[PDB]
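Trainee: Before anything else, here's the structure in question.
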Amino acid sequence: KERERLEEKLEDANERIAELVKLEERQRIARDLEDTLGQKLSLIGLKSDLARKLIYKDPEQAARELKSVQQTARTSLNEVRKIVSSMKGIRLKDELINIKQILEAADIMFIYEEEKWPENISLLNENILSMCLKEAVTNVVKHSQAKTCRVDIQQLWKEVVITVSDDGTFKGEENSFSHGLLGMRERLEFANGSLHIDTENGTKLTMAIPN
Amino acid sequence: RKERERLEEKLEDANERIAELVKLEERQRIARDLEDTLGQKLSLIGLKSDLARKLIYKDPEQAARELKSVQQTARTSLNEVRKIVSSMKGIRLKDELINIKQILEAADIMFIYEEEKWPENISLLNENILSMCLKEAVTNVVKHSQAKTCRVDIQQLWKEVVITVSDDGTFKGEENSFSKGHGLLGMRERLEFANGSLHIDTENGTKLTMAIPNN
Amino acid sequence: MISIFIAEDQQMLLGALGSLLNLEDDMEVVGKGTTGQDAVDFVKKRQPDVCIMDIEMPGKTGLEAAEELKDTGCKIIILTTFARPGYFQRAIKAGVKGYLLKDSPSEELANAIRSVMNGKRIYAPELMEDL
Ligand SMILES: Nc1ncnc2c1ncn2[C@@H]1O[C@H](COP(=O)(O)OP(=O)(O)CP(=O)(O)O)[C@@H](O)[C@H]1O
Ligand SMILES: Nc1ncnc2c1ncn2[C@@H]1O[C@H](COP(=O)(O)OP(=O)(O)CP(=O)(O)O)[C@@H](O)[C@H]1O
Ligand SMILES: [K+]
Ligand SMILES: [Mg+2]
Ligand SMILES: [Mg+2]
């Protein structure tokens, strides 16, 4: 069908658009890595070039240089270790700890038991779920007046499914997607996931993302 | 009425949310590359330099060989970090923009620009010529104008890139301010050689209009 | 004399490590490999005292190789550049005797080999849930 051809066109436009934010992101990352490491690497180079020129002439200075070359590398590598760790975002295991602290501080009972924990989820999808989990619980604390909050995080079939339930009262209108609820839905749907809500006996959010 | 303004906003707010996720997806792709690229080459630089130190007296020849590869390894690591922007698309002018913001702020001169309206897809040569002229136009503002404001506009119109540098100070030059070996004539000669142009208006402060072919 | 096998997929690093360890009077690199399978095959067949093992290698990882060698009398020391999550828990469950950083000074690697041979468990603080 000619519809297949249209979807080609839609996919190309979406990829063309994406590439302009990707190209911008690269341009930013690059300028900042070259800032924090661009001198350090250039230094490792010169200091090792000089140490080679002194090996026979002044072996003592060659050693001194090498001690420095070695030191600036170890710290550069350590900087990188930090940079990469940071670029990778909120891990779901870490978000679970954040929500336990938040719920306890709010005098809301937190109910969670590990079952079917995702063995492998992409760092992106993990970060999206962390963001949604944080928001679901922020909403419980700010609005529900709940005394209990139950979180379930399971790898079911080809999805990671998170449910956040509370025993408070839902405060929104018939259509509460205007902000966090619509924000979570849009971010999940971009990832070919979904967000469903049940507001009968308190509020229950079911969020799923492929895995 | 302006209910559409609230909807137009609703939309760009969403669009930007999706933008931040495709940005995050990239950030992740880059960390994995760095993890291998830098991580490994830095781990190697470390060991190879550690060994090089242990062979200074034992085998000075091998210590040298190691150091040659430690320099080689470091030189590429840095060039792999330059290569994570596999475009070079309008980057010298974007770096000059940073330089002139610093210079104008240091001089207590308000800098008026629109970062988003800046051309890419100009030849690297013509981009570098414009960077040089932009630097000089602003050096002149700082050294001579006594301006409180400086406005830079960079526009891609038809097959020219046009840069205007305006200031609200007072022009200090003579009837003919284009002197051998100095900036105004220098910029004009360099631009004209590139089939570009330089024009000046010294009525309400000083305004320079510089144009160069795209290429 | 301590017999060592080194499993490291990056040849430059593999060669530099072997060179760094052969410098020691009480140590000897008896074999070199680039995959987890190379490690399982050599250790089961040649039985070196110690196996220096990188984690991420093609085919079988050093963690997978360590799991296959859990019961063999060989003392495994893991070498990594980064601490990806769960690497530590998988390492200790596999019974790794050492889990160190690739870029830790050479003096500290030789020290860990001797300590491990003395029945000690040597884990880099950096590579365990830090700060
Ligand atoms: N767990 C919960 N319990 C009770 N009411 C809730 C709730 N989660 C959401 N609501 C209701 O739904 C409305 C919309 O939620 P949403 O998260 O989208 O916006 P908000 O009012 O929290 C601003 P933001 O989320 O940007 O901080 C809330 O104003 C509240 O009335
Ligand atoms: N923005 C500005 N405001 C006021 N006067 C300016 C001006 N830009 C230039 N002028 C005047 O015009 C003269 C000519 O500028 P020109 O760039 O050719 O040489 P110069 O004085 O800046 C030395 P050089 O550029 O080689 O460092 C300046 O000396 C000054 O008197
Ligand atoms: K030896
Ligand atoms: Mg909310
Ligand atoms: Mg000048």
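Residue numbering restarts at 1 in every chain; chains get A, B, ... in the order shown in the structure tokens, and ligands count up from 1 in that same order.
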So which residues touch residue B:11 within 12 Å, counting only C-alpha atoms, skipping near sequence neighbours fewer than 4 positions away, as JSON, numbers by chain?
Mentor: {"A": [178, 182, 183, 186], "B": [4, 5, 6, 7, 15, 16, 17, 18]}
Trainee: Using only C-alpha atoms, select each residue of chain A with any atom at most 7 Å away from an atom of chain B, and give the selection as a list in words.
Mentor: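 That gives residues 18, 21, 22, 25, 26, 27, 30, 34, 38, 41, 44, 45, 48, 49, 52, 55, 59, 63, 66, 70, 73, 74, 77, 84, 87, 88, 124 and 187 of chain A for chain A.
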Trainee: Just N, CA and C atoms for this one: save the residues we selected as a PDB file, in the first residue's frame.
Mentor:
ATOM      1  N   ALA A  18      15.427  14.333  14.438  1.00  0.00           N
ATOM      2  CA  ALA A  18      16.227  13.811  15.535  1.00  0.00           C
ATOM      3  C   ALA A  18      17.713  14.235  15.426  1.00  0.00           C
ATOM      4  N   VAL A  21      19.183  17.501  16.794  1.00  0.00           N
ATOM      5  CA  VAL A  21      19.330  17.569  18.260  1.00  0.00           C
ATOM      6  C   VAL A  21      20.546  16.728  18.662  1.00  0.00           C
ATOM      7  N   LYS A  22      20.763  15.598  17.947  1.00  0.00           N
ATOM      8  CA  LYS A  22      21.882  14.685  18.100  1.00  0.00           C
ATOM      9  C   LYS A  22      23.168  15.467  17.747  1.00  0.00           C
ATOM     10  N   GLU A  25      23.811  18.013  20.342  1.00  0.00           N
ATOM     11  CA  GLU A  25      24.267  17.340  21.564  1.00  0.00           C
ATOM     12  C   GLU A  25      25.745  16.963  21.463  1.00  0.00           C
ATOM     13  N   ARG A  26      26.141  16.373  20.310  1.00  0.00           N
ATOM     14  CA  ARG A  26      27.524  16.002  20.021  1.00  0.00           C
ATOM     15  C   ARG A  26      28.427  17.245  20.174  1.00  0.00           C
ATOM     16  N   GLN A  27      28.077  18.342  19.453  1.00  0.00           N
ATOM     17  CA  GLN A  27      28.773  19.636  19.467  1.00  0.00           C
ATOM     18  C   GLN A  27      29.040  20.163  20.893  1.00  0.00           C
ATOM     19  N   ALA A  30      31.452  17.362  22.946  1.00  0.00           N
ATOM     20  CA  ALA A  30      32.788  17.552  22.383  1.00  0.00           C
ATOM     21  C   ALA A  30      33.529  18.758  22.979  1.00  0.00           C
ATOM     22  N   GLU A  34      36.832  18.181  25.571  1.00  0.00           N
ATOM     23  CA  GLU A  34      38.078  18.819  25.123  1.00  0.00           C
ATOM     24  C   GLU A  34      38.505  19.902  26.117  1.00  0.00           C
ATOM     25  N   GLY A  38      41.397  17.951  27.122  1.00  0.00           N
ATOM     26  CA  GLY A  38      42.169  18.457  25.984  1.00  0.00           C
ATOM     27  C   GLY A  38      43.557  18.982  26.273  1.00  0.00           C
ATOM     28  N   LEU A  41      45.631  15.414  28.042  1.00  0.00           N
ATOM     29  CA  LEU A  41      46.112  14.490  27.001  1.00  0.00           C
ATOM     30  C   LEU A  41      47.282  15.095  26.249  1.00  0.00           C
ATOM     31  N   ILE A  44      50.308  14.735  28.551  1.00  0.00           N
ATOM     32  CA  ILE A  44      50.756  13.330  28.536  1.00  0.00           C
ATOM     33  C   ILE A  44      51.664  13.135  27.313  1.00  0.00           C
ATOM     34  N   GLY A  45      51.219  13.649  26.162  1.00  0.00           N
ATOM     35  CA  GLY A  45      51.946  13.579  24.901  1.00  0.00           C
ATOM     36  C   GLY A  45      53.319  14.225  24.961  1.00  0.00           C
ATOM     37  N   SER A  48      55.740  12.685  27.690  1.00  0.00           N
ATOM     38  CA  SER A  48      56.266  11.386  27.245  1.00  0.00           C
ATOM     39  C   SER A  48      57.244  11.553  26.074  1.00  0.00           C
ATOM     40  N   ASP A  49      57.013  12.548  25.169  1.00  0.00           N
ATOM     41  CA  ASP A  49      57.900  12.883  24.047  1.00  0.00           C
ATOM     42  C   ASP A  49      59.250  13.339  24.621  1.00  0.00           C
ATOM     43  N   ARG A  52      61.325  10.585  26.404  1.00  0.00           N
ATOM     44  CA  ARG A  52      62.021   9.775  25.401  1.00  0.00           C
ATOM     45  C   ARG A  52      63.347  10.467  24.988  1.00  0.00           C
ATOM     46  N   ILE A  55      65.981   9.937  27.978  1.00  0.00           N
ATOM     47  CA  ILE A  55      66.299   8.554  28.366  1.00  0.00           C
ATOM     48  C   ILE A  55      67.817   8.276  28.499  1.00  0.00           C
ATOM     49  N   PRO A  59      68.637  10.246  32.402  1.00  0.00           N
ATOM     50  CA  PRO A  59      67.667   9.184  32.733  1.00  0.00           C
ATOM     51  C   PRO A  59      66.826   9.467  33.980  1.00  0.00           C
ATOM     52  N   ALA A  63      62.706   9.712  34.158  1.00  0.00           N
ATOM     53  CA  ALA A  63      61.965   9.048  35.237  1.00  0.00           C
ATOM     54  C   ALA A  63      60.959   9.999  35.883  1.00  0.00           C
ATOM     55  N   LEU A  66      58.044  10.688  33.518  1.00  0.00           N
ATOM     56  CA  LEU A  66      57.253   9.469  33.461  1.00  0.00           C
ATOM     57  C   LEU A  66      56.303   9.320  34.660  1.00  0.00           C
ATOM     58  N   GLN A  70      52.406   9.384  34.107  1.00  0.00           N
ATOM     59  CA  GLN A  70      51.641   8.374  34.814  1.00  0.00           C
ATOM     60  C   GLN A  70      50.581   8.963  35.693  1.00  0.00           C
ATOM     61  N   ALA A  73      47.665  10.700  33.791  1.00  0.00           N
ATOM     62  CA  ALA A  73      46.829   9.717  33.111  1.00  0.00           C
ATOM     63  C   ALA A  73      45.837   9.167  34.094  1.00  0.00           C
ATOM     64  N   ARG A  74      46.307   8.626  35.250  1.00  0.00           N
ATOM     65  CA  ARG A  74      45.464   8.056  36.324  1.00  0.00           C
ATOM     66  C   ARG A  74      44.277   8.939  36.745  1.00  0.00           C
ATOM     67  N   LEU A  77      41.883   9.407  33.644  1.00  0.00           N
ATOM     68  CA  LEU A  77      41.040   8.209  33.585  1.00  0.00           C
ATOM     69  C   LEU A  77      39.978   8.250  34.659  1.00  0.00           C
ATOM     70  N   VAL A  84      31.480   9.327  32.362  1.00  0.00           N
ATOM     71  CA  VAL A  84      30.683   8.268  31.761  1.00  0.00           C
ATOM     72  C   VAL A  84      29.568   7.852  32.743  1.00  0.00           C
ATOM     73  N   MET A  87      26.867  10.404  32.481  1.00  0.00           N
ATOM     74  CA  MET A  87      26.173  10.446  31.195  1.00  0.00           C
ATOM     75  C   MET A  87      25.094   9.420  31.105  1.00  0.00           C
ATOM     76  N   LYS A  88      25.225   8.349  31.913  1.00  0.00           N
ATOM     77  CA  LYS A  88      24.348   7.178  31.966  1.00  0.00           C
ATOM     78  C   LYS A  88      23.025   7.331  32.818  1.00  0.00           C
ATOM     79  N   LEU A 124      18.759   3.769  28.287  1.00  0.00           N
ATOM     80  CA  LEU A 124      17.715   4.748  27.987  1.00  0.00           C
ATOM     81  C   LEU A 124      16.383   4.393  28.644  1.00  0.00           C
ATOM     82  N   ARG A 187       6.471  10.562  27.238  1.00  0.00           N
ATOM     83  CA  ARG A 187       7.826  10.003  27.262  1.00  0.00           C
ATOM     84  C   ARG A 187       7.804   8.490  27.085  1.00  0.00           C
TER      85      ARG A 187
END
Trainee: Nearest to ligand 3 among C:23, C:100, C:14, C:7, with distances taken over only C-alpha atoms and all ligand atoms: which residue is it?
Mentor: C:23
Trainee: DSSP on the backbone, then: every residue of stretch 8-199 of chain A marked strand (DSSP E or B), written as a ChimeraX atom specification.
Mentor: /A:109-111,148-156,159-166,194-198
Trainee: Please produce a file of the residues just selected, as a CSV table (one decimal), in the first residue's frame, where the atoms kept are N, CA, C and O atoms.
Mentor:
chain,number,residue,atom,x,y,z
A,109,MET,N,3.4,4.2,54.1
A,109,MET,CA,3.9,2.8,54.1
A,109,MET,C,4.3,2.4,52.7
A,109,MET,O,3.5,2.6,51.8
A,110,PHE,N,5.5,1.9,52.5
A,110,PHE,CA,6.0,1.5,51.2
A,110,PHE,C,6.0,0.0,51.1
A,110,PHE,O,6.6,-0.7,52.0
A,111,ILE,N,5.2,-0.6,50.1
A,111,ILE,CA,5.1,-2.0,49.9
A,111,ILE,C,5.7,-2.4,48.6
A,111,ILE,O,5.3,-2.0,47.5
A,148,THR,N,-0.7,4.2,52.4
A,148,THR,CA,0.1,3.1,51.8
A,148,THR,C,0.4,3.4,50.3
A,148,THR,O,-0.5,3.9,49.6
A,149,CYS,N,1.5,2.9,49.8
A,149,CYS,CA,1.9,3.0,48.4
A,149,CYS,C,2.6,1.7,48.1
A,149,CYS,O,3.6,1.3,48.7
A,150,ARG,N,2.0,0.9,47.1
A,150,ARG,CA,2.6,-0.3,46.6
A,150,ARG,C,3.2,-0.2,45.2
A,150,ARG,O,2.5,0.1,44.2
A,151,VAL,N,4.5,-0.5,45.1
A,151,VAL,CA,5.2,-0.5,43.8
A,151,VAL,C,5.6,-1.9,43.4
A,151,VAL,O,6.1,-2.7,44.2
A,152,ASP,N,5.3,-2.3,42.1
A,152,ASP,CA,5.7,-3.6,41.6
A,152,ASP,C,6.5,-3.3,40.3
A,152,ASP,O,6.2,-2.4,39.6
A,153,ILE,N,7.7,-4.0,40.1
A,153,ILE,CA,8.6,-3.8,39.0
A,153,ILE,C,8.9,-5.2,38.5
A,153,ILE,O,9.7,-5.9,39.1
A,154,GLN,N,8.3,-5.5,37.3
A,154,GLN,CA,8.5,-6.9,36.8
A,154,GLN,C,8.8,-6.9,35.3
A,154,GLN,O,8.2,-6.1,34.5
A,155,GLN,N,9.6,-7.9,34.9
A,155,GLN,CA,9.9,-8.2,33.5
A,155,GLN,C,8.8,-9.2,33.1
A,155,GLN,O,8.9,-10.4,33.6
A,156,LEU,N,7.8,-8.8,32.3
A,156,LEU,CA,6.8,-9.6,31.9
A,156,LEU,C,6.8,-9.7,30.4
A,156,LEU,O,6.6,-8.6,29.7
A,159,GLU,N,8.3,-6.8,28.0
A,159,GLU,CA,8.1,-5.5,28.6
A,159,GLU,C,8.6,-5.5,30.0
A,159,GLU,O,8.6,-6.5,30.7
A,160,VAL,N,9.0,-4.3,30.5
A,160,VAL,CA,9.2,-4.0,31.9
A,160,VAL,C,7.9,-3.3,32.3
A,160,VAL,O,7.6,-2.3,31.7
A,161,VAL,N,7.2,-3.8,33.3
A,161,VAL,CA,6.0,-3.2,33.8
A,161,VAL,C,6.1,-2.7,35.2
A,161,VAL,O,6.5,-3.5,36.1
A,162,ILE,N,5.8,-1.4,35.4
A,162,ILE,CA,5.9,-0.8,36.8
A,162,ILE,C,4.5,-0.4,37.1
A,162,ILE,O,3.8,0.3,36.4
A,163,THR,N,4.0,-0.8,38.3
A,163,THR,CA,2.7,-0.4,38.8
A,163,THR,C,3.0,0.4,40.1
A,163,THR,O,3.8,0.0,40.9
A,164,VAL,N,2.3,1.6,40.3
A,164,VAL,CA,2.4,2.4,41.5
A,164,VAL,C,1.0,2.6,41.9
A,164,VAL,O,0.2,3.2,41.2
A,165,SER,N,0.6,2.0,43.1
A,165,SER,CA,-0.7,2.1,43.6
A,165,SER,C,-0.7,2.8,45.0
A,165,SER,O,0.3,2.6,45.7
A,166,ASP,N,-1.8,3.5,45.3
A,166,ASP,CA,-1.9,4.2,46.6
A,166,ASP,C,-3.4,4.1,47.0
A,166,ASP,O,-4.3,3.9,46.2
A,194,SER,N,3.7,2.5,27.2
A,194,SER,CA,2.4,2.9,27.6
A,194,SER,C,2.2,3.3,29.0
A,194,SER,O,3.0,2.9,29.9
A,195,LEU,N,1.1,4.1,29.3
A,195,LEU,CA,0.8,4.6,30.6
A,195,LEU,C,-0.8,4.4,30.7
A,195,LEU,O,-1.5,5.0,29.9
A,196,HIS,N,-1.2,3.7,31.8
A,196,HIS,CA,-2.6,3.5,32.1
A,196,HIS,C,-2.8,3.9,33.5
A,196,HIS,O,-2.0,3.8,34.4
A,197,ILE,N,-4.0,4.4,33.8
A,197,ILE,CA,-4.4,4.9,35.1
A,197,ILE,C,-5.8,4.4,35.5
A,197,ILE,O,-6.7,4.3,34.7
A,198,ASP,N,-5.9,4.0,36.8
A,198,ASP,CA,-7.2,3.6,37.5
A,198,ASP,C,-7.3,4.4,38.7
A,198,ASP,O,-6.4,4.4,39.6
Trainee: Give the residue list for ligand 4 at 7 Å, counting only C-alpha atoms and all ligand atoms, as a ChimeraX atom specification, sorted by chain and then by residue number.
Mentor: /A:135,138-139,179-181
Trainee: Please find the residues contacting ligand 2 at a distance of at most 8 Å between atoms, with only C-alpha atoms and all ligand atoms counted, and report them as a ChimeraX atom specification.
Mentor: /B:136-147,166-167,169-174,177-186,205-207
Trainee: Take the residues just selected and output them with C-alpha atoms as a short mmCIF file (atom, residue, chain, number, x, y, z; two decimals), in the first residue's frame.
Mentor:
data_model
loop_
_atom_site.label_atom_id
_atom_site.label_comp_id
_atom_site.auth_asym_id
_atom_site.auth_seq_id
_atom_site.Cartn_x
_atom_site.Cartn_y
_atom_site.Cartn_z
CA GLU B 136 38.55 42.40 14.86
CA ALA B 137 35.19 44.22 14.71
CA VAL B 138 34.72 43.45 18.45
CA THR B 139 38.40 44.29 19.34
CA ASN B 140 37.65 47.70 17.74
CA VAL B 141 34.46 48.10 19.81
CA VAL B 142 36.39 47.36 23.02
CA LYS B 143 39.50 49.52 22.19
CA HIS B 144 37.82 52.54 20.59
CA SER B 145 34.05 52.92 20.87
CA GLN B 146 33.41 53.57 24.60
CA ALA B 147 30.09 51.75 23.82
CA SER B 166 26.98 47.53 15.70
CA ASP B 167 27.86 49.59 18.78
CA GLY B 169 29.70 54.40 21.19
CA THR B 170 31.32 57.16 19.15
CA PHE B 171 33.42 56.69 16.01
CA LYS B 172 37.01 57.87 16.57
CA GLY B 173 38.48 57.65 13.09
CA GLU B 174 39.34 60.28 10.50
CA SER B 177 39.79 55.39 8.49
CA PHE B 178 41.12 52.63 6.24
CA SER B 179 44.89 52.58 6.95
CA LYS B 180 47.59 50.23 5.62
CA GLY B 181 48.41 47.37 8.02
CA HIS B 182 45.46 47.82 10.36
CA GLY B 183 42.09 46.21 10.96
CA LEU B 184 39.55 48.13 8.88
CA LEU B 185 41.53 47.99 5.67
CA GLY B 186 42.81 44.53 6.64
CA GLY B 205 27.99 54.83 16.82
CA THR B 206 29.73 52.42 14.42
CA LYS B 207 28.22 49.66 12.31
#
Trainee: Using only C-alpha atoms and all ligand atoms, which of the listed residues (A:167, A:104, A:114, A:2) sits closest to ligand 1?
Mentor: A:167
Trainee: For chain A, work out the contacting residues on chain C at 9 Å, counting only C-alpha atoms, and write them as number ranges by chain.
Mentor: C: 81-84, 103-105
Trainee: Could you dump the residues just selected with N, CA and C atoms as a CSV table (one decimal), in the first residue's frame?
Mentor:
chain,number,residue,atom,x,y,z
C,81,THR,N,38.6,-1.8,33.6
C,81,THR,CA,38.9,-0.4,33.5
C,81,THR,C,37.8,0.4,34.2
C,82,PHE,N,36.5,-0.1,34.2
C,82,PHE,CA,35.3,0.5,34.8
C,82,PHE,C,34.5,-0.4,35.7
C,83,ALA,N,33.7,0.1,36.6
C,83,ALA,CA,32.9,-0.7,37.4
C,83,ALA,C,31.4,-0.7,37.0
C,84,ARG,N,31.0,-1.5,36.0
C,84,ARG,CA,29.6,-1.5,35.6
C,84,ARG,C,28.8,-2.3,36.7
C,103,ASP,N,44.4,-0.1,35.3
C,103,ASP,CA,45.3,1.0,35.4
C,103,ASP,C,45.9,1.3,36.8
C,104,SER,N,45.6,0.4,37.8
C,104,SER,CA,46.3,0.4,39.1
C,104,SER,C,47.8,0.2,38.8
C,105,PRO,N,48.7,1.0,39.6
C,105,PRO,CA,50.1,0.8,39.3
C,105,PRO,C,50.6,-0.7,39.2
Trainee: Extract, using only C-alpha atoms, all DNA, RNA and protein residues at most 8 Å from residue B:123, discarding same-chain residues fewer than 3 positions from it, and format them as a list in words.
Mentor: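 That gives residues 126, 127, 214 and 215 of chain B.
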Trainee: Taking only C-alpha atoms and all ligand atoms into account, which of B:134, B:118, B:213, B:37 comes nearest ligand 5?
Mentor: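 Closest candidate: B:134.
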Trainee: With a distance threshold of 12 Å and counting only C-alpha atoms, extract the residues of chain C near chain B and express them as a PyMOL selection string.
Mentor: chain C and resi 8-24+54+56+79-84+101-109
Trainee: Rounded to one decimal place, report the atom CA of residue B:150-atom CA of residue A:20 distance in Å.
Mentor: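 Rounded to one decimal, the two atoms are 29.6 Å apart.
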Trainee: Find the distance between atom CA of residue C:129 and atom CA of residue C:116 and write it in Å to one decimal.
Mentor: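 The value is 21.8 Å.
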Trainee: Using DSSP on the backbone, list every residue of stretch 3-162 of chain B that comes out as alpha helix (DSSP H), and give them as a VMD selection string.
Mentor: chain B and resid 3 to 54 60 to 82 92 to 106 124 to 140
Trainee: Atoms to include: C-alpha atoms. Write the selected residues as an mmCIF file, in the first residue's frame.
Mentor:
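Contents of the output file again03.cif:
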data_model
loop_
_atom_site.group_PDB
_atom_site.id
_atom_site.type_symbol
_atom_site.label_atom_id
_atom_site.label_comp_id
_atom_site.auth_asym_id
_atom_site.auth_seq_id
_atom_site.Cartn_x
_atom_site.Cartn_y
_atom_site.Cartn_z
ATOM 1 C CA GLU B 3 -5.781 30.694 23.937
ATOM 2 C CA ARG B 4 -3.800 29.484 20.816
ATOM 3 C CA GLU B 5 -0.622 30.934 22.397
ATOM 4 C CA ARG B 6 -1.313 28.587 25.397
ATOM 5 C CA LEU B 7 -1.710 25.675 22.944
ATOM 6 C CA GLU B 8 1.382 26.627 20.823
ATOM 7 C CA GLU B 9 3.299 26.605 24.160
ATOM 8 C CA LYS B 10 1.637 23.185 25.164
ATOM 9 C CA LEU B 11 3.146 21.803 21.938
ATOM 10 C CA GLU B 12 6.710 23.171 22.090
ATOM 11 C CA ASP B 13 6.798 22.079 25.749
ATOM 12 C CA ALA B 14 6.046 18.511 24.604
ATOM 13 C CA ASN B 15 8.364 18.677 21.540
ATOM 14 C CA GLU B 16 11.272 19.807 23.812
ATOM 15 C CA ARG B 17 10.485 16.899 26.214
ATOM 16 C CA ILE B 18 10.916 14.441 23.318
ATOM 17 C CA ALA B 19 14.079 16.418 22.280
ATOM 18 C CA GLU B 20 15.627 15.852 25.813
ATOM 19 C CA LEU B 21 15.081 12.049 25.392
ATOM 20 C CA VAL B 22 16.786 11.846 21.945
ATOM 21 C CA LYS B 23 19.565 13.977 23.559
ATOM 22 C CA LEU B 24 19.820 11.494 26.486
ATOM 23 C CA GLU B 25 19.883 8.562 23.980
ATOM 24 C CA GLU B 26 22.892 10.238 22.334
ATOM 25 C CA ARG B 27 24.647 11.024 25.668
ATOM 26 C CA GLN B 28 24.408 7.245 26.341
ATOM 27 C CA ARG B 29 25.756 6.277 22.897
ATOM 28 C CA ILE B 30 28.739 8.659 23.502
ATOM 29 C CA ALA B 31 29.574 7.232 27.009
ATOM 30 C CA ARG B 32 29.811 3.688 25.533
ATOM 31 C CA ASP B 33 32.265 4.995 22.830
ATOM 32 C CA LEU B 34 34.318 6.936 25.510
ATOM 33 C CA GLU B 35 34.229 3.771 27.737
ATOM 34 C CA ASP B 36 36.138 1.942 24.973
ATOM 35 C CA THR B 37 38.011 4.886 23.175
ATOM 36 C CA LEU B 38 39.420 6.828 26.170
ATOM 37 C CA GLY B 39 39.001 4.246 28.933
ATOM 38 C CA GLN B 40 41.187 1.686 27.159
ATOM 39 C CA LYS B 41 43.730 4.045 25.578
ATOM 40 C CA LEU B 42 44.188 5.826 28.963
ATOM 41 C CA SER B 43 44.498 2.387 30.719
ATOM 42 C CA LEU B 44 47.180 1.543 28.111
ATOM 43 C CA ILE B 45 48.988 4.955 28.457
ATOM 44 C CA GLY B 46 49.172 4.177 32.206
ATOM 45 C CA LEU B 47 50.622 0.657 31.955
ATOM 46 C CA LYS B 48 52.936 1.436 28.999
ATOM 47 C CA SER B 49 54.366 4.514 30.836
ATOM 48 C CA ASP B 50 54.673 2.453 34.094
ATOM 49 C CA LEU B 51 56.675 -0.213 32.144
ATOM 50 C CA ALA B 52 58.698 2.551 30.303
ATOM 51 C CA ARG B 53 59.847 3.823 33.746
ATOM 52 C CA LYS B 54 60.866 0.254 34.809
ATOM 53 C CA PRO B 60 66.510 2.294 27.462
ATOM 54 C CA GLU B 61 65.672 1.335 23.844
ATOM 55 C CA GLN B 62 62.366 -0.397 24.863
ATOM 56 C CA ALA B 63 61.539 2.411 27.319
ATOM 57 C CA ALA B 64 61.807 4.733 24.216
ATOM 58 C CA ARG B 65 59.657 2.409 22.032
ATOM 59 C CA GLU B 66 56.978 2.389 24.786
ATOM 60 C CA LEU B 67 57.021 6.217 25.100
ATOM 61 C CA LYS B 68 56.653 6.539 21.267
ATOM 62 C CA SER B 69 53.403 4.471 21.517
ATOM 63 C CA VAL B 70 52.292 6.377 24.750
ATOM 64 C CA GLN B 71 52.596 9.672 22.709
ATOM 65 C CA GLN B 72 50.932 8.116 19.657
ATOM 66 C CA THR B 73 48.124 6.683 21.902
ATOM 67 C CA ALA B 74 47.590 10.077 23.674
ATOM 68 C CA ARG B 75 47.633 12.036 20.343
ATOM 69 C CA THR B 76 44.874 9.884 18.805
ATOM 70 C CA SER B 77 42.816 9.682 22.053
ATOM 71 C CA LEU B 78 42.578 13.489 21.806
ATOM 72 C CA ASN B 79 41.785 13.310 18.055
ATOM 73 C CA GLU B 80 39.062 10.631 18.685
ATOM 74 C CA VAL B 81 37.555 13.164 21.200
ATOM 75 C CA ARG B 82 37.740 15.854 18.400
ATOM 76 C CA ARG B 92 35.070 28.004 14.173
ATOM 77 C CA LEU B 93 32.450 30.873 14.052
ATOM 78 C CA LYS B 94 30.628 29.290 17.058
ATOM 79 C CA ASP B 95 33.962 29.321 18.952
ATOM 80 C CA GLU B 96 34.607 32.949 17.982
ATOM 81 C CA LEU B 97 31.135 33.835 19.316
ATOM 82 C CA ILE B 98 32.284 32.467 22.749
ATOM 83 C CA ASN B 99 35.498 34.539 22.551
ATOM 84 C CA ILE B 100 33.648 37.793 21.786
ATOM 85 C CA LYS B 101 31.067 37.198 24.574
ATOM 86 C CA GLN B 102 34.018 36.859 27.071
ATOM 87 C CA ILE B 103 35.772 39.975 25.684
ATOM 88 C CA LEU B 104 32.635 42.158 25.744
ATOM 89 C CA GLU B 105 31.635 40.992 29.280
ATOM 90 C CA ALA B 106 35.199 41.715 30.528
ATOM 91 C CA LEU B 124 35.712 26.247 6.316
ATOM 92 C CA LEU B 125 37.873 28.922 4.669
ATOM 93 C CA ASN B 126 35.071 31.537 4.519
ATOM 94 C CA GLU B 127 34.004 30.599 8.069
ATOM 95 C CA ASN B 128 37.585 31.186 9.288
ATOM 96 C CA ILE B 129 37.755 34.562 7.439
ATOM 97 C CA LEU B 130 34.469 35.670 9.083
ATOM 98 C CA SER B 131 35.735 34.532 12.521
ATOM 99 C CA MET B 132 38.853 36.717 12.028
ATOM 100 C CA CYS B 133 36.734 39.718 10.957
ATOM 101 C CA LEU B 134 34.204 39.192 13.777
ATOM 102 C CA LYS B 135 37.168 39.168 16.291
ATOM 103 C CA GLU B 136 38.552 42.402 14.860
ATOM 104 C CA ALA B 137 35.186 44.215 14.713
ATOM 105 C CA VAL B 138 34.719 43.448 18.448
ATOM 106 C CA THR B 139 38.395 44.291 19.339
ATOM 107 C CA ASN B 140 37.654 47.696 17.741
#
Trainee: Quick one: residues within 6 Å of ligand 1, with only C-alpha atoms and all ligand atoms, as a list in words?
Mentor: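 Taking only C-alpha atoms and all ligand atoms into account, the residues around ligand 1 at most 6 Å away are residues 139, 140, 143, 144, 169, 170, 171, 172, 176, 177, 179, 180, 181 and 203 of chain A.
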